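We begin with a single chain expressed as structure tokens, specifically the form solved without the DNA.
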């Protein structure tokens, strides 16, 4: 068994100022994937970039203090890829694809579309390039795990306000339709393997008591390819965990090598 946590951290220093290292120690995952780091390693306290028992890998954006993803793992991957080979997606610190030996791990921070019509086109194409990349890899024979902030609630059950947000980026027909197609390409949203209840979200707005009122979205997912789903034992939501506007999400898989 391998324990993997994904977490949009809303800035790595920001969360560190709120008990990140304590939490990380009590959870002891085998792999920790983080999104929205907002820093380069050289701007990070040394105790955030070197954690005992773990190996760190950082993928910052061209722009400083913007997005970027990180990976901590007890055992290091044989290599990391930091893009899809399409540069307008590869430079924003959004892609980490770590090759462990029993599987690939996609640590992805998918773009937000709310900003503008431009950023919507960008998010959707990012979705396409992503589909293309992941599909090439598993058709070639690789078992894949994809985690991270998709910035889209799949279904009505996956947010508190479907009706209100039918025309807001995050719950548009196009965006949810992409996830349907994603799943049609042979991929399973693992949480829904184990949990079919409503009121299960991973993000809440910092404003107007949204977390206390459970007015939230499920933006963070763990996907596996179909032919690998037998190996997943647990997919759950760490909703007690504070320190970001997202909470972390967990996966456990069984394998040898």
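Positions refer to the first chain, counted from 1.
A second form of this protein, the form solved in complex with the DNA, is not displayed here; the remarks below concern that form.
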Are any of the heavy atoms in residue 181 no more than 4.5 Å from a heavy atom of the DNA in the bound PDB entry?
no
Quick one: is residue 205 in contact with the DNA in the bound PDB entry, heavy atoms, 4.5 Å cut-off?
yes
Does the DNA get within 4.5 angstroms of any non-hydrogen atom of residue 135 in the bound PDB entry?
no
Distance check, residue 215 to the DNA in the bound PDB entry, heavy atom within 4.5 Å
yes
Only hit among 121, 74, 142, 114 for heavy atom within 4.5 Å of the DNA in the bound PDB entry is 114
Please identify the residue among 174, 86, 157, 168 with any heavy atom within 4.5 Å of the DNA in the bound PDB entry.
168
Where does the DNA sit in the bound PDB entry: which of 158 to 166, 182 to 190, 98 to 106, 78 to 86, heavy atoms within 4.5 Å?
158 to 166
Within 4.5 Å of the DNA in the bound PDB entry: residues from 3 to 21 (heavy atom criterion):
none
